[PDB]
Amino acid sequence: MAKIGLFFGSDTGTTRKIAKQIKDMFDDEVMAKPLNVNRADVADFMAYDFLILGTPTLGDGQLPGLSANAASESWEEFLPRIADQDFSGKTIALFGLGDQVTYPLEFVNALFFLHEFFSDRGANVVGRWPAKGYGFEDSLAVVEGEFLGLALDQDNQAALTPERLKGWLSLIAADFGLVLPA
């Protein structure tokens, strides 16, 4: 019913809180309430033509899920449920949570798997983010000096999250038809 679907994966609530912060900025007409992918219905997920998806990186640079030692199923188990769906015509923006100090070689790698998955199915992906403001040495989520989606780090750069969400949401505002609060 809402224009933008908002889904996330999360083990310790960090990504969930961010998803909520994002929703707090827009009206029910433009964006739906944040929902954990382990609660989502395929038909419910497939209805939106615009999607904002968030995910942390766990285990060993993996998507959250039971194989990554998450307390509950997450993106890992959800993707197969929609692997046969076509995402052509759908606009998707990704945000990832990670810890650049503790995992300098796999910073927000989960973003790559998410991007690859929807990209391989015709989705229009937007929201690349400059990688200069981060300290890391390697990442599957970096292409041409930019992260495949917004990168957030509540472990080391929590103070930067507000300006990053304002700036990033403004970046995908054109594609998504969003209007940021003053």
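Position 1 is the first residue in the sequence shown; the rest follow in order.
- Relative to its counterpart among 135-143 and 152-160, 135-143 has the higher mean temperature factor, C-alpha atoms as listed in the PDB entry.
- The stretch 77-85 shows the higher mean C-alpha B-factor when 100-108 is compared against 77-85 in the entry.
- Among the modelled residues of its chain, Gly54 has a C-alpha B-factor that falls in the lowest third according to the deposited record.
- The entry lists a Cα temperature factor for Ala174 that places it in the highest third of the chain's modelled residues.
- Sorting the modelled residues of the chain by their CA temperature factor places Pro130 in the lowest third.
- Remark: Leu165 belongs to the lowest third of its chain, ranked by C-alpha B-factor as recorded.
- Sort the modelled residues of the chain by CA B factor and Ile22 lands in the middle third.
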